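Okay, so here's just one chain, in structure tokens, the form solved without the partner chain.
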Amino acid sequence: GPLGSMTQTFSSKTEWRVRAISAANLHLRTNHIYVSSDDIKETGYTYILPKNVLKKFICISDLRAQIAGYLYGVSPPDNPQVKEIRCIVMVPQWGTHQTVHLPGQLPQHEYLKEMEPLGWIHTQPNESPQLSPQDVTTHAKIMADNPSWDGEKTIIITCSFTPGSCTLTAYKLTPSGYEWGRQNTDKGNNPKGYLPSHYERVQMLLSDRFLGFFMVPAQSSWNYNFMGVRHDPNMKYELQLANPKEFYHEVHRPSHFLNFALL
């Protein structure tokens, strides 16, 4: 009965600190990256992902809050069945462990005009046998708002944090998947009507033969996970040819610095 015997004082232990410490160890996983062997084995297109931008994408990420990048690339000269991913575009965004929130506006930049959009890559805390329904919905609503996203050519690459490593798997929607996802308003983990026939695996290969590059916003950075109120589905942004800042870089969390300074 410690009304006046034992009294202790609460000492704040904020969670982003543990997450920032663990984000500093992400480089170790870039040496142990695994691609899944496709169950479909044939879906017309084989996607080739350059390792340099993949490793950077892992390094700038976080183990709880999903991040996403947009995929751009082309076919090798005389081989239209292969899609080489040449660019990953980072746009203003925030996430949770279950999904990413991106603007309505798709990347627009002259420097990308000779490339075609190939979909998106996003990190995931845990591996999973199936494509998330959040992902099916996200991809179907992008498709419905943007006719340049061909259902037969745009993919979701999931990058899952397996212990000590990263495991990559690539998917595409089916027509039924597009139809279900574009009308789905249920954000939970088991929305009515979701089925595994809404997607199929695609062949993906990591390559050291060529290098990809990044584009990032012209006027901000891409990470809004600490400035959520300033992120809006309608926000507009331009892009520049530069490499993205890591998740916990100072410019992504100004208020940590200022609020300490007021203490």
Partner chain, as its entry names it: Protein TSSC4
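Numbering follows the first chain given and starts at 1.
Another form, the form solved in complex with the partner chain, is not on view; read the next lines as being about it.
- Screening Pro77, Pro147, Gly188, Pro163 for any heavy atom within 4.5 Å of the partner chain in the deposited complex leaves a single hit, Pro163.
- Just one of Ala65, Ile48, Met235, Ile33 comes within 4.5 Å of the partner chain in the deposited complex, counting any heavy atom, and that one is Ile33.
- Screening 93-101, 136-144, 167-175, 116-124 for residues having heavy atoms within 4.5 Å of the partner chain in the deposited complex returns a single hit, 167-175.
- Using a 4.5 angstroms threshold between heavy atoms, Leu195 stays clear of the partner chain in the deposited complex.
- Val202 falls outside the set of residues with a heavy atom inside 4.5 Å of the partner chain in the deposited complex.
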